[PDB]
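First, one chain by itself: the form deposited in one PDB entry, in structure tokens.
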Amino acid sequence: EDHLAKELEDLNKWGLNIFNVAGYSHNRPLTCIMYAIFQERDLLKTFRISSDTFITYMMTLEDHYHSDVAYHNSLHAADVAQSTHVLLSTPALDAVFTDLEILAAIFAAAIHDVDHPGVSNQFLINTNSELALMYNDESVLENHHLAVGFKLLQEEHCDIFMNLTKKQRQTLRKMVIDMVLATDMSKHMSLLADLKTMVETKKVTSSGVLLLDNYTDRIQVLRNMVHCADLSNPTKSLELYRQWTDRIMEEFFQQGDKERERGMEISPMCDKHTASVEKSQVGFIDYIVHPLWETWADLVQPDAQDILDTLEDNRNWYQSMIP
């Protein structure tokens, strides 16, 4: 209450603590933060989005994330939206993004894992889930999260975009689909390779601000930005990172259990009887998170040096916790 306001003073900062805000908001981190983010950015005035209409949509959306899922609940969506909101304000990207694009990125982050069941794309495919069948085994969950988020905008009471242009609604729809689809981990290497190529030919106005010529280059940076926000736990303060690490291992171990019950092959990192939580996080930083953040940092330097320091430091805490 007074605690909520104290915590939201950190809204524009990486150091924001999303657990605390959930505790001070009747367990509505995502509504809480989306509302804070949208007032902070004047998005409601700019796009003539009624306040009531926005709250009802956000509340419904949060309710569609599942509370009995360890990691992929409304707290995570709120984290990615907040992380994303800070990254959009990085100095190197200053006057680069239209208000529509900014709106699309934060909306994308908000809905990006909605209705997630606490199991991977691979599991849904191997068990012949209705979702895998619906989606022909390709970005199964990701296609689903989009389908749900765009469905909920259909009833006029929740169409936060009622007042955009037709041409504006389409461009947003195109951008959001593109960004959520890019959170699919199977596409990570392809995305990281492309990010490295964009860094190679990077250009700036002279004031250390990137020159991103039309749609292609702009959506590529937004794709990677939301993907970075989604893989941002290990760049956050250690107290936060450990709670996030603990929640993701609870989700995985539950999957390992659901896998075992059914005689399926259990995947090593989902095996509670063999998986080292610590080695597991070190591998995650070495082979996935650091290579990505190292490249993001190159693109916006030196805006993300602090983050790389924290990362390299959290990496060592986990290393030092293994014999």
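Shifts are known only where both forms have a C-alpha. Superpose the two forms; the largest set of C-alphas matching within 1.5 Å is the rigid core. Residue positions are given as counts along the sequence shown, with the first one as 1.
Beyond what is shown, the protein has a form deposited in another entry; the following relates to that form.
Looking at CA displacements between this form and the one not shown with the core superposed, a shift of 2 Å or more is confined, among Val69, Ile266, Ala297, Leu43, to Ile266. The gap between the Cα atoms of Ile125 and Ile266 is smaller in the other entry, by no less than 3 Å, than in this form. Compared with the form shown, the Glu130-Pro268 C-alpha separation decreases in the other entry, the change being 3 Å or greater. Comparing the shared residues between this form and the one not shown on a common core, the single stretch of 3 or more consecutive C-alphas each displaced by at least 2 Å is 261 to 271.
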